[PDB]
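>>> would you be able to build a 3D model of this:
(3 chains)
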Amino acid sequence: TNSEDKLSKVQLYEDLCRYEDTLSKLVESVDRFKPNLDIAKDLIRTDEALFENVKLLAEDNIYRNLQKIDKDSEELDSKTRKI
Amino acid sequence: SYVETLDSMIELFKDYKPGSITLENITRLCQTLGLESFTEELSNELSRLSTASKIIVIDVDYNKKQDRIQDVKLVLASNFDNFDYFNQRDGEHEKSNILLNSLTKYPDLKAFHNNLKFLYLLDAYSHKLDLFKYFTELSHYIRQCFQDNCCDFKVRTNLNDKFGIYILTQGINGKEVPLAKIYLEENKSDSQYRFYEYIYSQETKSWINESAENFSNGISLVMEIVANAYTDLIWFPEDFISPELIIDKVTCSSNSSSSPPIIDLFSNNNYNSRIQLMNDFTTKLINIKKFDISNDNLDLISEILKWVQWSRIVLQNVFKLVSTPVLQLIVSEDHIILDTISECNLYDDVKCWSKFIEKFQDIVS
Amino acid sequence: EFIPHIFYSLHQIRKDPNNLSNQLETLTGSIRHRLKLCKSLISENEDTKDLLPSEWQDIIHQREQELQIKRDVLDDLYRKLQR
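Numbering: from 1, shown residues only, chains lettered A, B, ... in the order given. Below you will find the coordinate block:
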């Protein structure tokens, strides 16, 4: 149950959320064959924000290195424990 | 109003997301302007995209291995082959091609689209008026008109990878600063507007229409003021130029109280305590960005530029110095008087304006 | 992949609105398809949604403090056992 709470905590989740909302507005506009510029510009800037957050996620690897050094920590602890 | 709104939305979408520089996006852009386009394989490593219209042919060489544009060539089907599509840089032996630069130096197609829209305008509206010839020669006629009128302005073609006739002044550091850009624009207001060829005659020292039979319809010669940008905006007396010649009036839309900073400076008591400011303007100040200088209005270029230069050197500096926290300072449309100490007017030389500002700064500091 | 397809379809929308309503409707349906698969792919994977900032610093601090206390106790053991 806490998983979804953690997922909602990171910004890019909200980013995909309002990106979906903006495309929903755009499709509603084109359904009414009345394309509103503000919806499209909101869509493009939200997409750009998505893409910058896509870069920001990548520099990931730090957590992975922390994970391997954590495994090193507990394996050293177990070794010294059996010692 | 639906078509005008749709065209305005299409222009907005074209400007807001110009697309990435790819062969497919360049082809789609050319097709969106009604240009005929074909792709040829010159080699296993090189493809050419050739695009054509009535007069213009543009070859774009694409390196398939590098994912990059290698070359761009413009060819005219006019009897005039001398159209300058290179940037005018003083002291570089390599004339840098505007079209190639717009596809290699920029992150997007916006620079290329603007330059292509300009070439397409000349193509569509050239017939017996050849606008490629006339626009090239016009830069020489304006340069001569300034020499004959003793105007200290430099004329350059094609500045910063953009088509246009650029009018430059010497700035305080001897650096050239653009004052205005002259170019052709579609006349949205009157498709029947006759645009004639005007030549500057060395003999008469005037603009002359040699061939009243040589006209194009639905085009205007536009003078755009290049703001270095609210304090860097140029303001004109409302009666300085006929309202029919004003293409773009910056309407301060009715929800932000930006008077000219000049008029707010007649209303706001936050002055240098040494100066009593007196307003002697008879007219309202309006912000004008674009002028129609077509036909008989080519004489106005020198008057508009003198005002723009006087406004930058005198008015804007007087305002900057008065606005930084008793002598009477009278400010009018064409003259400024500091009590009995110093005066300058719009018809004085630039050297008189500089001396007035130096003396004014020494008193206000 | 949905990102480049979204980009491209976005651009032929903004380049050619003068296409007949058939193409506009079909292309908007295509974008709705791509974002539908986008939201699905977001949905099944918890790890990405977690990916989708001081905690990393706190983990680094705890790792370095446990490392230094391990080094100190090992130095003490080395000093004591050599007798």
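
>>> am I right that residue B:222 is in contact with residue B:290?
Yes - under the contact definition of C-beta atoms under 8 Å, residue B:222 touches residue B:290, with a separation of 5.5 Å. For the C-beta atoms, the positions are set from N, CA and C on the backbone; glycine is no exception.

>>> between these two, who's got more neighbours?
For residue B:222 versus residue B:290, neighbours defined as other C-beta atoms under 10 Å in any protein chain shown are more numerous around residue B:222 (22 against 19).

>>> need the contact list for that one.
Contacts for residue B:222 (C-beta atoms under 8 Å, 6 or more residues apart in numbering or on different chains) come out as B:182-185, B:247, B:290-293.

>>> returning to that earlier point: give me the common contacts of residue B:222 and residue B:290.
The overlap between the contact sets of residue B:222 and residue B:290 (C-beta under 8 Å, 6+ apart) consists of residue B:247.

>>> contacting residues for the residue positioned nearest the centre of chain A?
In chain A, the C-alpha nearest the mean C-alpha coordinate belongs to residue A:12, at 3.4 Å (C-alpha atoms, centre = their mean). Contacts were defined as C-beta under 8 Å, 6+ apart; by that measure residue A:12 touches A:50, A:53-54, A:57, C:51-52.

>>> go with 10 Å
A:19, A:49-50, A:52-54, A:56-57, C:42, C:48-49, C:51-52 (C-beta atoms under 10 Å, 6 or more residues apart in numbering or on different chains).

>>> thought residue B:136 was touching residue B:82?
Yes - contact status for residue B:136 versus residue B:82: in contact at 6.4 Å, counting by C-beta atoms under 10 Å.

>>> what about those two, which has more around it?
Relative neighbour count places residue B:136 above the other of residue B:136 and residue B:82, with 16 against 10, counting by other C-beta under 10 Å.

>>> which residue does chain C bring closest to chain B?
Nearest to chain B in chain C, going by C-beta to the nearest C-beta, is residue C:14, at a distance of 4.2 Å.

>>> okay, now that residue: neighbour count?
With other C-beta under 10 Å as criterion, residue C:14 counts 19.

>>> how near is the residue positioned nearest the centre of chain B to chain A?
Relative to the mean C-alpha position of chain B, the nearest C-alpha, by C-alpha atoms, centre = their mean, is the one of residue B:181, at 2.0 Å. Taking C-beta to the nearest C-beta, to the nearest Å as the criterion, residue B:181 is separated from chain A by 28 Å.

>>> that residue sits in which helix or strand?
In this assignment (DSSP states H and E), residue B:181 forms part of strand B:176-186.

>>> now for that strand, which elements pack on it?
helix B:110-125, helix B:131-148, strand B:154-159, strand B:162-170, strand B:219-225, strand B:285-292, helix B:300-310 (3 or more C-beta pairs under 10 Å, 6 or more residues apart in numbering or on different chains; DSSP states H and E).

>>> what's the residue nearest to residue B:160 when sequence neighbours are not counted sitting at in phi/psi?
In space, residue B:160 comes closest to residue B:87 once its chain neighbours are excluded; the distance is 7.6 Å by C-beta to C-beta, 6 or more residues apart in numbering or on different chains. Backbone torsions of residue B:87, given as degrees, to the nearest 10, read phi -70, psi 130.

>>> still on that earlier bit, which of the helices and strands packed on strand B:176-186 is buried the deepest?
When the helices and strands packed on strand B:176-186 are scored by mean count of other C-beta atoms under 10 Å in any protein chain shown, the highest mean neighbour count falls to strand B:219-225 (a mean of 23).

>>> what are the buried residues along the helix or strand following that one?
The C-terminal neighbour of strand B:219-225 among helices and strands, as given by DSSP H and E, is strand B:235-237. Buried residues in strand B:235-237, counting neighbours by 16 or more other C-beta atoms under 10 Å in any protein chain shown, are found at B:235-237.

>>> strand B:235-237 pairs with which strands, and in what direction?
strand B:285-292 (antiparallel) (DSSP bridges).

>>> about what we covered before: reformat the buried residues of strand B:235-237 as TSV; add distance to residue B:99.
Conversion of the buried residues of strand B:235-237 to TSV gives the following (distance: C-beta to C-beta, whole Å):
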residue	distance to residue B:99
B:235	37
B:236	35
B:237	41
